[PDB]
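Take a look at the structure tokens below, where one protein chain is shown in two forms, each on its own, as structure 1 and structure 2.
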Structure 1
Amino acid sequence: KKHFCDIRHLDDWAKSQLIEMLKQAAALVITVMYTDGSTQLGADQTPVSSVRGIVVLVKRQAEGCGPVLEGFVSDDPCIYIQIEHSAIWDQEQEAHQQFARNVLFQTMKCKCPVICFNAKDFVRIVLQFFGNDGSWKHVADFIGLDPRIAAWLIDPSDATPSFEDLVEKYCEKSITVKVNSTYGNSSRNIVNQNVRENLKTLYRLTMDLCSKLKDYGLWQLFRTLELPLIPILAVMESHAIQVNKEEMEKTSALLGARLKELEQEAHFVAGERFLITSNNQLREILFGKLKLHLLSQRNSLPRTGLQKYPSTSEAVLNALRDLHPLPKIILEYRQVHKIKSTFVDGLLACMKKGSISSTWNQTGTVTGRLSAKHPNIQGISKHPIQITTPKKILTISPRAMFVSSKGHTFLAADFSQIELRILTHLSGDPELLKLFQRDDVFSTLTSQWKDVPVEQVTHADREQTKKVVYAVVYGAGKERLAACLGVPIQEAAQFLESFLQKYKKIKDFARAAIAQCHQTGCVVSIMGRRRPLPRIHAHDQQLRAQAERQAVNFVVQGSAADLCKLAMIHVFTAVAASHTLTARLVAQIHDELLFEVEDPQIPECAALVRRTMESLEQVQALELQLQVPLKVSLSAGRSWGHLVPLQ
């Protein structure tokens, strides 16, 4: 009515008054309206249509004086800002765009609370709307209150609740919302009225969720760590990483050829034509037909079976690699198929315009880690794999596909052995704490443990030490460890308990974490992220033990996640305030930050990055203090696959 305004049609004095209102507002409540018109308020999770505009409820008083008559608007008014392009571009569109950008920037820099249901989407839309006028540094300081993220911090198990869900759950009480109205199942007036009402309700819900966050002790985490990350993710989604289409296209062909060769060999040695991609048929061949479990390697496999017959898993197959020529073939086939199918064919399916951009999910996991999708840049092969060309030696690197846009170079910052250091901090183990006080830590760990001083003793042990380290880090077991490393259950158990009896504190830390869980009913990371595990109270001992394992794992994994997010935020903030530095965060591989930076700026930024990241050891606030320093490894290069170390 008078509560809904198109800012294009405001008189200019009213435009000025509007800007002043946005400056003096108590709270801003924002949702994105699509062409339906639907909203971020549900229940559709991904809009099949595109963005029409942004609706902003301007609250002149926040629930948690004196009358004002503005006269061009009522109290409290909803303003509408058109994002969508028109059919014809001209000067008037330029003008409209100018005022719109001014308003949206006022939304970005305002001193009041800004509540948006999905904040990253909104920030991204605004970021693309600014275009030329603005850079990513404009939105760096934006803090939206995202109720979804709050509800995620409370109950991490459910990643994607709708708005109507959250209202029912955390809103007290009896509030009904109609979020489903669109043009064509109803009028505008209905859509708009419901938008206003639902925006008010959104404010209510957000405030409730904030207080609950304060109750559960999650507030400082929410504000300090989760919220400042939103514009960072939005910026990463607003930038595309160039990739080679030509190269992939070829390689795909090559890998296809090799795959057929391998399929032919497999059918040859198996003694029949089966489905090379079917694990069931291979399961029947290896075991029902060739009967290899029964043969020399009996009980090498997990049991005579996991059930009747063992699995086709790489452990089982590696146990059989001497018995028959098939397992090796299946393995190489799996490797090549993985690379081609996912790292090339799928990466070709993602790209637009010589480049790809991953979608980031903050509420994605229960450990507090980020997840990346379509394509998952966190799951890209680290080590280049070698194949024998069909028709010389052929080398293939998936990470070599991602190249910087000259003139720019990639700058990668890795947290060295961060899980182990977090574990040291938590356990407070004397020997591990002695270990870090610089040069190739895992080797020195291998020596200190094995009491063998070999300068760089066996690489295989370097791998064994790592494998048992992670066997205990993600806890725990004799069986699973055994599966990782190629040795029998007893040997794995002895390796494990040797390690745990060399460092006593770790067992004590684990026991303490389990004790905490059962007591509270959840477990807590360093910065206060909580992982509820009700099955810790379960009478079933398998469930109980599983909950214990999860409890032990979440402390380490979640703490590492906290530190990575913190580093992300601190570096982003550090760069965002520079006269000079253009370095842009491109992606985060969990413990590795990947930047694209201007070629000349390399020494200046690499300084800033390492300085910023290493100082994360001591920070207030929160009362964060680490028992062990954080070593940061820097590298640079024109391609992601090839990065030459720096300093």
Structure 2
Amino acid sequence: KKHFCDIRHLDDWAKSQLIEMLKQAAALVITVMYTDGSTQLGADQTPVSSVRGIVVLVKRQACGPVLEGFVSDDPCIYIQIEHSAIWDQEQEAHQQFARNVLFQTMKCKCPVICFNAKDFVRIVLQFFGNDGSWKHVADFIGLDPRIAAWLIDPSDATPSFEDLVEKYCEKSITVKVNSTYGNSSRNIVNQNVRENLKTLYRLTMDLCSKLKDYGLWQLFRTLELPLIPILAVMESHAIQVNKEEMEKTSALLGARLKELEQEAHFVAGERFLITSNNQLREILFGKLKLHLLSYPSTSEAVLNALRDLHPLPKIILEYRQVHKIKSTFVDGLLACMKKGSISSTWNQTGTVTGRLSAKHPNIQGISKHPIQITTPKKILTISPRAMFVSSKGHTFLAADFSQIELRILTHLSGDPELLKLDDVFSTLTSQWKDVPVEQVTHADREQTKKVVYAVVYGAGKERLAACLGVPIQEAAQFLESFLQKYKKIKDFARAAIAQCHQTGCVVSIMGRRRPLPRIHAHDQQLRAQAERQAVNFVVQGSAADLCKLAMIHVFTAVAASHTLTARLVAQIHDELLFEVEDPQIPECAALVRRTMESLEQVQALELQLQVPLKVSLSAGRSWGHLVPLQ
């Protein structure tokens, strides 16, 4: 009542006093209110309602009394996001003060606690619009209890606010987050908002304490938190795509699939659903009985084993390829389009490895290598990544770590041969093809690197022999070859497993952890699975750590530069994709390289490697075609 104020209705002296209160506050506690009015504190991840406003709890304490007189203590202030029916001058004014207040929220020196901070920052950024850039939110730090709880239990599904309260809050704290207009009144909604913001503060503090207990605090602060505005910035931008080229390509791939469907129906001597794996399985081994010649799955390995036995596996393979490209990287990419561009949604809570994930579309899952088709009424090369074009004038600058996890593995194992080892998988592919590097095909590399991946993480002789098309004897032989050549990899794995048995958990370089209780399981498949998972997590988690660190450091570096406008557009694990203004390319590519390479040594945390990190830079007007640089 005196605890809730619309900042538009404040007298100007009270407005000034409010700005000063925000500057001198002990902590800010924030949630987004929708038109329901519901909050991020309620249970839905998707409101399916518009954003109305933002509520901020201003805490004076985390000494003496206080009388402001225009508000009580501690006050909740409300900031209208939603546009009114008519735009006019008073709306302009309201917007001016609102932007001032929200920016105060962004730059304030006290702790900011927001349940989902990325959403908040995105909303604020889009609210700034023209009077602000992405560099305004760059330094924003805010305490996201969901991220903390994720660091503690990465496996657990993304919990609601109430879940987090019952789990991490002691004790007997019951919240009502479910109030809306129409199931309740405004006063109920608001009272509950204030109470739940207090509770949110308490919860977040408790979770911070826990994070310190588990040794996750420094990781939380240095790595996860500064990443929050970076995701929001990426979600605030959009990558322009070819609506037109894409519709064409769609039509073409549709024609070709019609062809392939007809062919398959022909050669199987029946009309079966071309997209059905069940029916294909029944045909391939149901009738044809190919396994007996020399049931199994329809998977690419099996289908490649049978490629000479019958014309159907090859047909099916090509069909699956073309159908995937069209259905997913064309048609499904056309449905993600707004205004001739797309924007992915980023999830920091998505993985157990500490990796980022992306949705609608998944831009981390876009096929790297273009595919070839025979046009039905010349050869036709189709690259989905070629559909992603930079704005004009602007150009994409890509920067990736070369063989990041191999180098991580070198660091962790300390294998002398590796530590010795101008290329990597061209070397091994050359050694396997019994020829130099220069004539080695990219597909040979594609298979080989995947095979070293298989063997290092504990793959058996079976799956090994399968993926490279090897008889078991060459399987065990190749296993022993690689593991005896580099001894310290098995030692490292054996150590990681031992650690996971000891602690009941396994830990990455920067302290990110993967609890694996089934390491203690009696079931042997479960136990072995937990072991594989631990061994993989040390490396993949460490690399996730490093990639996030690079992301943050480059973002920060560009953030304070007066010249450089470079915007981080996408991240694909090992790779950072920037949209840079043309004349800024040389100066930007320089800053990017120097920054990412300096990652070899950063204090804190001790964070030192045994191997330099080679950064590969690329540039181009399209994501599909990027010419190497420098």
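Whichever C-alpha set is largest while still superposing within 1.5 Å between the two forms counts as the rigid core. For numbering, take structure 1's sequence and count from 1.
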message: To test your reading of the superposition: with the rigid core aligned, which of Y216, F274, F499, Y474 moves its Cα by 2 angstroms or more between structure 1 and structure 2?
response: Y474
Core-aligned CA displacement of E246 at least 2 Å between structure 1 and structure 2: no
- prompt: After fitting the rigid core, is the C-alpha of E463 off by 2 Å or more between structure 1 and structure 2?
  reply: yes
- prompt: Is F72 one of the residues whose C-alpha moves 2 Å or more between structure 1 and structure 2 after the core fit?
  reply: no
- prompt: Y333: how far does its C-alpha move between structure 1 and structure 2, core aligned, in angstrom?
  reply: 0.2
- prompt: Once you lay the two forms on top of each other by their rigid core, how far has the C-alpha of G288 moved between structure 1 and structure 2, in Å?
  reply: 1.2
- request: Would you look up how far the C-alpha of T444 moves between structure 1 and structure 2 when the rigid core is overlaid, in angstrom?
  value: 3.4
